[PDB]
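Chains as they are written, first to last, in the entry's author numbering: chain sz, 12 to 32, 57 to 91; chain sm, 1 to 78; chain sh, 142 to 210, 213 to 224, 228 to 315; chain sj, 2 to 122, 187 to 232.
Note that CB positions come from ideal geometry on N, CA and C, so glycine has one too.
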Amino acid sequence: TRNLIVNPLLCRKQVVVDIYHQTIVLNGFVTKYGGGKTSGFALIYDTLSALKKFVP
Amino acid sequence: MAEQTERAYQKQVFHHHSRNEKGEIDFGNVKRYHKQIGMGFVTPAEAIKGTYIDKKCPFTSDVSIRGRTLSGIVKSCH
Amino acid sequence: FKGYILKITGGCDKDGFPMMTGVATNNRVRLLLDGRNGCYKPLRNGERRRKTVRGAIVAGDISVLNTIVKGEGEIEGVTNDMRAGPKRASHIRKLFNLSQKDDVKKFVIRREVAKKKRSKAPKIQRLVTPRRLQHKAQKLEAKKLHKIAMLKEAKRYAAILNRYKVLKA
Amino acid sequence: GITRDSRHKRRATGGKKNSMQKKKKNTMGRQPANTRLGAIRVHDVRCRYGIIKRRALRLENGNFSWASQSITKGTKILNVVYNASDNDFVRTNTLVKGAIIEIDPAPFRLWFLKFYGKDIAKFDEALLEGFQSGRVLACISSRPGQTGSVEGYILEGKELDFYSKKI
RNA sequence: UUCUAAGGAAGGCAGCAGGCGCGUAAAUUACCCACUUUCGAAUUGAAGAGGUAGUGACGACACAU
RNA sequence: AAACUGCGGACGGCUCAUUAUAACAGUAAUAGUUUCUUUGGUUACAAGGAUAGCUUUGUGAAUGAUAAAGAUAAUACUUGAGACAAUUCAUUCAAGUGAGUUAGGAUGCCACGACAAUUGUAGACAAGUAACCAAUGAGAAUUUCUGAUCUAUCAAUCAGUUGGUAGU
Numbered sequence: 012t013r014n015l016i017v018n019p020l021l022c023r024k025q026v027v028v029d030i031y032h057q058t059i060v061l062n063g064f065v066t067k068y069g070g071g072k073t074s075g076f077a078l079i080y081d082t083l084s085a086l087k088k089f090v091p
Numbered sequence: 001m002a003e004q005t006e007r008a009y010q011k012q013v014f015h016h017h018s019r020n021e022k023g024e025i026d027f028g029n030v031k032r033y034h035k036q037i038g039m040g041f042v043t044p045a046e047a048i049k050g051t052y053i054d055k056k057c058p059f060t061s062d063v064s065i066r067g068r069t070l071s072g073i074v075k076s077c078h
Numbered sequence: 142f143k144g145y146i147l148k149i150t151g152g153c154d155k156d157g158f159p160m161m162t163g164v165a166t167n168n169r170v171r172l173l174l175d176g177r178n179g180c181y182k183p184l185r186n187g188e189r190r191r192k193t194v195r196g197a198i199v200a201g202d203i204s205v206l207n208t209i210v213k214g215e216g217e218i219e220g221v222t223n224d228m229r230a231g232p233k234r235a236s237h238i239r240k241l242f243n244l245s246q247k248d249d250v251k252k253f254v255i256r257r258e259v260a261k262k263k264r265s266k267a268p269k270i271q272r273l274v275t276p277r278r279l280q281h282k283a284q285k286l287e288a289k290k291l292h293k294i295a296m297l298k299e300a301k302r303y304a305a306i307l308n309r310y311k312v313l314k315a
Numbered sequence: 002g003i004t005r006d007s008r009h010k011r012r013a014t015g016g017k018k019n020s021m022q023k024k025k026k027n028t029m030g031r032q033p034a035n036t037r038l039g040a041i042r043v044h045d046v047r048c049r050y051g052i053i054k055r056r057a058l059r060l061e062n063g064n065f066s067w068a069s070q071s072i073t074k075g076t077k078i079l080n081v082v083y084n085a086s087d088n089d090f091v092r093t094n095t096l097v098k099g100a101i102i103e104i105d106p107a108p109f110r111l112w113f114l115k116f117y118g119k120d121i122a187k188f189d190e191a192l193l194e195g196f197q198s199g200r201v202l203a204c205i206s207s208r209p210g211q212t213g214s215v216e217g218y219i220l221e222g223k224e225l226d227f228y229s230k231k232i
């Protein structure tokens, strides 16, 4: 969806979630005015050893 | 002889003894130091032949001439 | 009682102001104090303050005099009679009449632990362990780099330079 | 403290100069140290940026150079005989740059004996008189209040005549 | 200006909140280092810098009846 | 944990009282100065005391108050082999730069004097330290040229004032 950034330095994959209506972290989600489309940004922290290490 | 009118002995900034005819340093005299300043300015003959002493003369001292350059008319010489 | 001889080594005024050894008056004086003479503990570095102190002359205003050699206030008295021992190996040889070559680990002051085990002693310093030459683990050793591993470069580098400085044609 | 700023002066027009700031460490000066003649007494002064200046309060010895013979020797300073700036420096024997002083030419004489095989006690006539009289004329060329030492040179032909006639 | 056992002692809000006074005239004695970045022995600790929240017809934009 | 040692609190934050060529803006110079940090380089099989936190006895109503004694460490303070560099002075040989008795070399002398007597068993590799070059640095600091509001019921002002020499 949208764009992919492969980020092995942070052991991470990040996407721009485009909703057409533990390793998962979701942030910055807001809908469009008048319902329907909702957008957001997702955080693929794969192994559960980065999530803790690389997570506030 | 005529430039030694002060309480101290007047010497140039760069004073060096010349070599005599036999090829060794002659401590009995001092070379008249004179340099040439930069952007297209000729050294007056008085800075070469003359025997005056000045530590602020741009031709016979270590004072440099930097970028700014102007012109004008002499107003007072007192 | 029979009494011995003592030397006054400190004291405090009735108001708690200490006594300065140098000051040779009876009353109280205000001086510019650093941490050098003791009577003022600085907070910052190089910070002085004008504090009040007492002279080195004893008088009736004194409340307690440490004059030992005690802790006696002034009629009364009070009294002070190896918390950790030395740590350097050179100090161990001094205390137990030990030479330079004999081992001192056999004569290190060991303290036991008695609680709900362990016979403790300080961390040693300055002995003869094979890795004591960590001090030369290499650590020393590694003058190498310095030792011509670098220095010969400075004659490698130098030399070939004078070559293409001499072509100059 | 002593200041070196130009905000306390007057303009070239003679008008007074008003004040906007206070004194600052950048334009800080220090009390001069008049290096007299006597037992060695020097002090270390922390300057700006942590550098250290050797403040020579009192000195007796100094290193002096003979230009003709290309030698430099240590020598005890005897007297100060001429200061071109202030005469009060002569009485107090203050050591500053350009102060004509009198030193004993003992090491220089000994060096001449070992090198030529002769004794001094062509050279300019007044130089010989200083050798036999035990007091030769030298000029201080260092800044004792900054470097903490007296470095100078023995006066020679044209400089000697000018300074000797002044005395 | 404050404490005091009356002998003595520290303190400088033109820092963030707040109080008195002055004037026609100007806001919470809030929460957090998650954003930006700074300092430090350092990936981690602090930061009334900074961010978020509260008052806000100073102003600016869209918009009900 | 606390404490010694190191670094920092000179940045950031607030205000506009002072200030009339002062400050500030553009500009140019430093061949007239220059740190800190960071970056690139260059130059004895191990010695000596004492000090805190620690223990003990205390004073004062009290402060971020303070007194004695007994010990104990260093990348704290010192000595010391490992073998030059940088300063001052005097003389001298001299190439880039618009321009330098200039960077630089040689001779003699004084002072100064090193590359921890350092640290990880674990995350030889590190890490640390002293001086000296250079960058950071169109930075900081001084300085050049030009540029400000009203007022003549302000017309003459200045004596370190303007310059010179020597010094500090």
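- The contact set of sm:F27 on chain sj, defined by CB atoms closer than 9 Å, consists of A68, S69, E221, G222 in chain order.
- The beta carbons of sh:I218 and sh:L147 sit no closer together than 8 Å.
- Contact of sm:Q36 with chain sj is not assigned, every C-beta pair being separated by 8 Å or more.
- sm:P44 sits in coil when the DSSP states are folded into three classes, being neither helix nor strand.
- As the crow flies, the alpha-carbon of sj:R200 is around 33 Å from that of sm:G23.
- sj:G195 has a beta carbon lying at 8 Å or more from every beta carbon in chain sm.
- Excluding sequence positions up to five before and after sz:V17, its CB lies within less than 8 Å of the CB of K24, all in the same chain and listed in chain order.
- For sz:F64, the enclosing beta strand (DSSP E) has its first and last residue at 59-66.
- Within the stretch 81-100 of chain sj, contact with chain sm at the beta-carbon level (separation under 7 Å) is assigned to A85, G99.
- Interface with chain sj (8 Å Cβ-Cβ cutoff): sm:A2 is excluded.
- Secondary structure of sj:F188 (DSSP, three-state): coil.
- In this structure, the beta-carbon distance from sj:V46 to sj:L96 does not fall below 8 Å.
- DSSP, reduced to helix, strand and coil, places sj:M29 within a strand of the structure shown.
- By alpha-carbon distance to sh:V254, the top candidate from sh:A260, sh:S265, sh:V221 is sh:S265.
- Here sj:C204 is buried. Its C-beta has 16 or more other C-beta atoms within 10 Å.
- The continuous alpha helix (DSSP H) containing sh:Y310 extends over residues 299-313.
- sz:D29 is bridged by DSSP to sz:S74.
- The three-state secondary structure of sj:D87, taken from DSSP, is coil.
- Contacts with chain sj at 8 Å (Cβ-Cβ) do not include sm:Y52.
- Taking 8 Å as the CB threshold, sj:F109 stays off the interface with chain sm.
- The beta carbon of sj:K17 is closer than 8 Å to those of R11 in its chain, skipping five residues each way along the sequence.
- In this structure, sj:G217 lies near sj:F65, with their beta-carbon atoms less than 8 Å apart.
- Contact check for sj:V81 against sj:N94 passes: the beta carbons are separated by less than 8 Å.
- In the DSSP assignment, sh:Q271 forms a beta bridge with sh:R234.
- With contacts defined by Cβ atoms closer than 8 Å, sj:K77 and sj:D105 form a contacting pair.
- For sm:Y9, the neighbours in chain sj by C-beta distance under 7 Å run, in chain order, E224, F227, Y228.
- Looking at sj:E190, sj:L111, sj:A191, sj:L192, the one whose alpha-carbon comes closest to that of sj:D120 is sj:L111.
- In this structure, DSSP gives sz:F89 a state outside helix and strand, which the three-state scheme calls coil.
- Beta-bridge pairing by DSSP links sj:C204 to sj:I101, sj:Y218.
- DSSP links sj:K77 through a beta bridge to sj:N62.
- Per DSSP, the continuous beta strand (DSSP E) segment holding sh:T193 begins and ends at 190-195.
- Counting other Cβ atoms within 10 Å of its Cβ, sh:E287 stays below 16 and is therefore classed as exposed.
- The beta carbon of sj:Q211 sits closer than 6 Å to the beta carbons of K54 from its chain, once the five residues preceding and following it are set aside; these are given in chain order.
- Annotated three-state conformation of sh:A295 is helix, per DSSP.
- Just measuring C-alpha positions, the residue of sm:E21, sm:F14, sm:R7, sm:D26 sitting nearest sm:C57 is sm:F14.
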